[PDB]
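# Chains, contacts and geometry: an overview
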Amino acid sequence: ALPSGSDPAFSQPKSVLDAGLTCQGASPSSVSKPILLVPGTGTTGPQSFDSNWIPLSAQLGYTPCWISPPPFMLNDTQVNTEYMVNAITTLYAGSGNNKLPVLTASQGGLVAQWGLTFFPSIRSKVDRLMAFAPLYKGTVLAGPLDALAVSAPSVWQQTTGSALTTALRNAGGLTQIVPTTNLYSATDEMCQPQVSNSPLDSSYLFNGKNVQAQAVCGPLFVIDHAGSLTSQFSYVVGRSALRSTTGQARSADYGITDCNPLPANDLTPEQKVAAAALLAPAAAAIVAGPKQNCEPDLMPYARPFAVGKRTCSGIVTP
């Protein structure tokens, strides 16, 4: 079974977590049809989504909301998840005690699934998860010892083999917990392996709607980790997932004629140009942020699932 019982303690003051949550044109505490947007490593909410799912979800009738855990999602993924759990608790009540969708970019999907695995209270408040290029198994690429002996906390945790990805898998987290759609690409340049269109892929969750773009669009279709979020093909799949009465994208709703890798048609020209410039700023933030030579310790609620892995304090024990 999954973790059950009481939610783990928060390490951050609630006022700090509240400060990281914003909704466009509304208060999180009094908001119609919120969608919670969870950014990837090296970005804020607006930086991840201003060129894409903030305007696109608004045009579908949601109030776009986001968390921006400081600094730029570079801190410990477990602390980033506190922002999401707090945001879910708030948006659920602030929308009349109604479940809400969560939509994530890159490592924001790891944040979401970590929260669902280890914070039982939110499972009944999230109606579906729409994850673009999620790194549930981390990635084998680049890495925390590349070009400097120190790397950001969440960069350590997103590395395949990390104590965090280990603990997520051993606790049951590579199976979907709420209805989940995972849109990803075999040509993802941040996250590998993604090529097999099978559970080997880092974005795959058992029983989820796992959509590798090349399985629909052809072996030669190319979108990177950002295009995975912003492309017109991505918009059609995400719109399906958000509208579906099953909580997952439906194969009937998308097909080879939607295989357009450029930014979603309904974005403004300015939004389309910004959608093409997402790589460099996130990479530079990763370079300028907090850095360390070890993976953050697992919090007690996750330690028993990665016994034997090495974190800053030493060997994980249960």
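### As for the UniProt feature "disulfide bond" in the chain
At 2.0 Å between sulfur atoms, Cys217 and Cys259 form the disulfide that UniProt records. Taken together, the positions of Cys217 in helix α8 (residues 213-217) and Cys259 in the loop between α10 (232-243) and α11 (269-275) put the pair 42 residues apart, joining distant regions of the chain. With respect to class, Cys217 is no different from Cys259; both count as buried. At 2.1 Å between sulfur atoms, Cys294 and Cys312 form the disulfide that UniProt records. With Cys294 in the loop between α12 (279-288) and β8 (310-311) and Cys312 in the loop between β8 and β9 (314-315), the pair connects residues that are 18 residues apart, well separated along the chain.

### Brief notes about the packing of helix α4 (residues 77-94) against helix α5 (residues 107-118)
α5 packs onto α4 with a crossing angle of 75 degrees between their chain directions and a minimal axis gap of 9 Å. Classified by the angle between their axes, α4 and α5 sit roughly perpendicular to one another. On α5, the residues that touch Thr77, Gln78, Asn80, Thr81 and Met84 of α4 are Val111, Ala112, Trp114 and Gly115. A class-by-class count of the residues in the contact of α4 with α5 yields four nonpolar, five polar and no charged.

### Quick notes on the sheet that holds strand β1 (residues 21-23)
Spatial ordering of the open sheet is given by β1-β3-β2-β4-β5-β6-β7, a layout of seven strands whose pairing is mixed. The open sheet terminates on both sides in strands that have one partner only, identified here as β1 and β7 (209-212). Neighbour-to-neighbour, the strand axes of the sheet open up by a mean angle of 20 degrees, direction not taken into account. Relative to strand β4 (residues 100-105), strand β2 (residues 34-38) runs parallel, the two being bridged by three bridges. Residue pairing for β4: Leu37 is matched across the bridge by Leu103. Where α4 meets the sheet, its contacts fall on β1, β2, β3 (63-67), β4 and β5 (126-132), and the angle it forms with β2 comes to roughly 175 degrees. Sheet strands in contact with α10 are β2, β4, β5, β6 (180-184) and β7, and its direction is about 170 degrees off that of β5.

About the criteria used
Residues numbered from 1 in each chain as written, not as in the entry; some residues may be left out. Heavy atoms only, no water. Disulfide = S-S within 2.5 Å. UniProt positions renumbered as here; feature names shortened; annotations may be inferred. Helix = DSSP H or I, 4+ residues; strand = E, 2+ residues; numbered from the N terminus. Buried < 20%, exposed > 50% of the residue type's maximum accessible area, 1.4 Å probe, protein only. Axes fitted to C-alpha atoms, helices over the stretch in contact; angles between N-to-C directions. Parallel < 35°, antiparallel > 145°, perpendicular 65-115°, else oblique. Contact = heavy atoms within 4.5 Å. Nonpolar A, V, L, I, M, F, W, Y, C, P; charged D, E, K, R; others polar. Pairing = 2+ DSSP bridges.

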